[PDB]
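Derivation of every value follows stated rules applied to the coordinates shown; laboratory data play no part. Virtual Cβ from ideal backbone geometry, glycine too; neighbours counted across all protein chains shown.
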Amino acid sequence: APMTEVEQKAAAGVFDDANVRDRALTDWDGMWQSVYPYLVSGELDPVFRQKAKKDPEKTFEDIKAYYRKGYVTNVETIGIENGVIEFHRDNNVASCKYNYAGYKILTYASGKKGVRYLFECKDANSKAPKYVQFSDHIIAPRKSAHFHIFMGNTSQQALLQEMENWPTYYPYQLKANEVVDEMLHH
Ligand SMILES: [Zn+2]
């Protein structure tokens, strides 16, 4: 099903903490592409143009640079199924079975809120990140359209402080025209 009005508001960063619920890795099952290559090829330009156009205080090149810093990554594709996450970075691959570790509610400098879903990897000697946090503008069980994933090896607390880089993944089958469409229209 499409989004209830509570889901829409939550996707815009407005929600009541009492409504936040745990979620399972299954909400992210599937094969995912980084959108980074489409920022680079310049196929995301129409998105940043539209955003600039709707706000006279913003510029194209500054919106794009904000998404550049945010999207940049070499993990081009991610696969999730059966409690396992698999990462393809260039020619390297790694995978780990991930355990759920809760969620965390955040309030941003803008006063908008978000929720991260935390996961930890079962091996201390895997190439896969030990800590992974999922943020998708969803605050309760629902299958994800696209996601931002925070990946690190140090601590969950450290990743929670990351605000500038957030590699971003859309379903692998999607074309550039279709990624842009989703970005323009909710
Ligand atoms: Zn998003």
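Below are the figures for this structure:
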| quantity | calculated |
| --- | --- |
| Cα gyration tensor of the stretch 94-177 - equivalent ellipsoid semi-axes, whole Å, descending | 21, 18, 12 |
| Residues of the stretch 99-133 with amide N under 11 Å of a point placed 7 Å along Cα→Cβ from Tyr66 | 110 |
| Low-density loop positions, GluC sites (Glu not before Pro), the stretch 127-186 - DSSP coil, at most 16 other Cβ in 10 Å | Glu162, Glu164 |
| Sites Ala176 and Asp29 - FRET efficiency at Förster radius 22 Å, r taken between beta-carbons, to 0.05 | 0.40 |
| Mean projected area (nm²) of the alpha-carbon convex hull when the chain is viewed from all directions | 10.9 nm² |
| Length released on extending from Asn125 to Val6, taking residue separation times 0.36 nm less the Cα-Cα span | 38.7 nm |
| Helical mean residue ellipticity (222 nm; -39500 (n - 2.57) per DSSP H run of 4+; nearest 500) of the chain | -7000 deg cm²/dmol |
| Cross-link partners of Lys175 among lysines (Cα-Cα below 22 Å; sequence separation of 8 or more within a chain) | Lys51, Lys64, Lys143 |
| Within the stretch 1-105, GluC sites (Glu not before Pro) in DSSP loop having at most 15 other beta-carbon neighbours inside 10 Å | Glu57 |
| Relative packing of 134-144, 115-125, 98-108, which averages over residues the other C-beta atoms within 10 Å, highest first | 134-144, 115-125, 98-108 |
| Zone residues, the stretch 160-186, relative to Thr59, backbone N less than 17 Å from point 7 Å out along Cα-to-Cβ | none |
| Taking the chain and dividing mean pair separation by its residue count, relative contact order in percent (alpha carbons under 8 Å, at least six apart) | 25 percent |
| Span from the the stretch 126-177 Cα centroid across to the the stretch 1-66 one, whole angstrom | 12 Å |
| Under 11 Å, Cβ to Cβ, from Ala145 - net charge with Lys/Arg +1 and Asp/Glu -1 | -1 |
| Contour minus Cα-Cα distance for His185 and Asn19 (0.36 nm per residue) | 57.2 nm |
